[PDB]
2 protein chains.
Amino acid sequence: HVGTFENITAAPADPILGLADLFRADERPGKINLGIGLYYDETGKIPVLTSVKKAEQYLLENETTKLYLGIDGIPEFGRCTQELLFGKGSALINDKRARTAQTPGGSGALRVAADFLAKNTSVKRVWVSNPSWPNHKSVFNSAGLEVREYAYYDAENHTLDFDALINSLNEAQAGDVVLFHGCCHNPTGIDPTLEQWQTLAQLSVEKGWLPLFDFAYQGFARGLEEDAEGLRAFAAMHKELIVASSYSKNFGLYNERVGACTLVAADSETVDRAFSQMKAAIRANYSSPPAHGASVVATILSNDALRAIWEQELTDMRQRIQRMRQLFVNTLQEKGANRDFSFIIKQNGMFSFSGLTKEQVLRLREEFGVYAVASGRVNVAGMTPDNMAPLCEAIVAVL
Amino acid sequence: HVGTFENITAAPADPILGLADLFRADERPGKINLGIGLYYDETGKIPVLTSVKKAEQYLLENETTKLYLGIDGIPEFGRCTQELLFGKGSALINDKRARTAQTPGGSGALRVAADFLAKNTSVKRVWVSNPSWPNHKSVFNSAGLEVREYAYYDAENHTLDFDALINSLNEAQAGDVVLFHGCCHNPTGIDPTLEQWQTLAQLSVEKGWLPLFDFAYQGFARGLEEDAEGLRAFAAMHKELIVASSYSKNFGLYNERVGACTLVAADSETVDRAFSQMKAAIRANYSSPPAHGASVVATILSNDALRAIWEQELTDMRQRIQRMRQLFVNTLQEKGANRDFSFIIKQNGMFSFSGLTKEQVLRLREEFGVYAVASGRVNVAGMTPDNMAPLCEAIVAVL
Ligand SMILES: *Cc1c(COP(=O)(O)O)cnc(C)c1O
Ligand SMILES: *Cc1c(COP(=O)(O)O)cnc(C)c1O
């Protein structure tokens, strides 16, 4: 008999995660990793937050069992998540229109939404921005959903091309899903203004779209409440929406896989009925979510003292990235760049579409040991006072 | 616009997890949970193992980062998994014919295998024993695979109907997947003898089946090495096979979601090519696996002193279940059963088919607060010296 695995075509490496393998293999001294979206501190390390360590100590001392969580996870984690997304006193919460499942990261939240939609609704099509996080297409395709792209980025002016965004969504139909990044658009770092969010909210209502928010960076643009303004403008107007959120980056809990999928419907009876099918889709995947990471988050958010520590740690991360954005622009000029990079200061979050070509990104890797994503996305949070001058000399050399 | 969620029909309750919800809400103080497959100690608690607490203390004081694991998880966890499954010095390992991905539980390993098969091969059907774990059908169906049943249990004699098993499987074609439980068949507790395993292995290569082992109870039948004899008899003869294993039960790590999916192919080139698509299917699901539970397992297995403690804790669990099986049989006779229950002694693991009808199981819940699965599966590890008498009085009262 012929093997089952003989006709298999190899898959290419992931455009983001395969960078770690390449970077690890590189033996050139002084190599610089600007690839995967991790926060690095001023010394080039990826630390555990103090608030996380304190919560983990409390769990070690007080956990008496590891028995399975329910399919939807820790109840307190869901409640705190809804307050973070929608605000204390939100009508969505008071009216019991929202249900939340704890999931394995924002990635798992996106997949649970995809499986739920494909199996229980007539949704056939998901619209994502061009560019977006490369894994968006893969997640929705895995459930057999068609993914279409809408225009987003003005690569000439380095701004949101709002006119092209509106025009390119003209053919998104009632019952299609439209995916929005809540803040810190990945990869461009360009977000709608409040007025633009409000314009999109009124348009989505009039066209009948089902909005899906990917919210992986709450707190990295301006602050926790401010970064949720766009989502909340949508929530004030819509009967239905889905939020896939992540605590990987804003708690530094990447490898513990802490996220949430929140379903919002017109009333409590409808969302409970829908949520029962979301739980069934979880049961047929990983059954129930991992406790440790979500327990840490729930502990921090429900303790005033730990929460205050965490909020300051998040402010410190946000502020260090902003300083690095400015230092990057200044050092590029110092090192002789004639191209104007001041648009980088206007972008939010960990990244920035640098405008480098694929050929320039490959050259940076091969000749200089500097690792960026082939799209030109560079992780500003990977820049430090110590590596800034060599990485700017490298960029200037490939321009 | 009519809502996308308006017409969703509610999902039925999970036959196992829905019963756990009912049990939790039940206000009667004498209620007894013989449903979901958790290990209870002699005092009716579900404890954290001492080896696990020690490993967690080491992690708390030595972890410096939560940066993402690779798609396939902790390398040492994969190596230790392969050794446990195939034994040190296995040709499969020395020939580099196996690749392992760390997954969120055995459940996650099953879905990853299913997605991988559905999207990258010509496999269309999966053969499952009648009866089996209720969630097998859901996992495989949700990946798009047809599920077929083969005969297994003789309910009159409470034995393995080996002739019926072989006869029913002659309808399975080359290229079909056949699912075997490695040991401690769920729900019957009836496993093949080594001779029967070897007969099935020979038939499997002759017929061209792709074997998939669900290995959730290694160590609970006879021992770690002994419980893998059946799997190793297949591994000696087959070019290809898949193992989905779980550390939920044999480490008491249920809610941290620790399992593995292991691929075996004819040679190193083929398994690496197939594993590249397995990683792509993981990336489009939860991206990368949760670190805490797998780190605990890897720490225990890679440290001689911790491993010795763990092996003794697992032996104690296995022997406690064996004592409860004997006590259950003896106590039924004293309480007046007048019916042979001696077949309970011959069954392995947590579960036995009690032979009770669904009406009897329903009476036990409603009138006596004793919770079993509607199939009559009872969790012997939920029995204790303190709840044995009331349990058995309740059973005698419904016979
Ligand atoms: C990081 C990220 C995710 C995935 O988050 P995880 O919690 O790591 O799974 C999803 N969407 C975007 C836009 C991200 O940046
Ligand atoms: C427990 C069990 C599983 C699931 O394992 P998890 O690690 O809890 O996801 C799968 N198959 C069988 C037969 C089981 O008993």
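Atoms within a ligand are numbered from 1 in the order they appear, just like the ligands themselves. Order of the sequence lines sets the chain letters (A, B, ...), proteins ahead of strands, with each chain counted from 1.
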**OP:** Over all heavy atoms of both residues, which pair between A/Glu313 and A/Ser51 is shortest? Give the atoms and the distance, please.
**Re:** OE1-OG, 2.8 Å
Original post:
Exactly which residues line ligand 1, taking a heavy atom under 4.0 Å from it as the test?
Top reply: A/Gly105, A/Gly106, A/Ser107, A/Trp133, A/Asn186, A/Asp214, A/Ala216, A/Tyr217, A/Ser246, A/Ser248, A/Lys249, A/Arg257, B/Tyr68
Subject >> NZ/NE/NH1/NH2 to OD/OE distance under 4.0 Å, A/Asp115 and B/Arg111 >> reply: yes
Original post:
What orientation do B/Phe213 and B/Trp197 show, parallel under 30°, tilted 30 to 60°, or perpendicular over 60°?
Top reply: tilted
Subject >> Gap between atom OG of A/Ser288 and atom CZ of A/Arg283 - 0.5 Å precision >> reply: 8.0 Å
**OP:** Determine whether the aromatic ring centres of A/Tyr152 and A/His185 lie less than 6.0 Å apart.
**Re:** yes
**OP:** Please find out if less than 6.0 Å separates the ring center of A/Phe234 from that of A/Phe180.
**Re:** yes
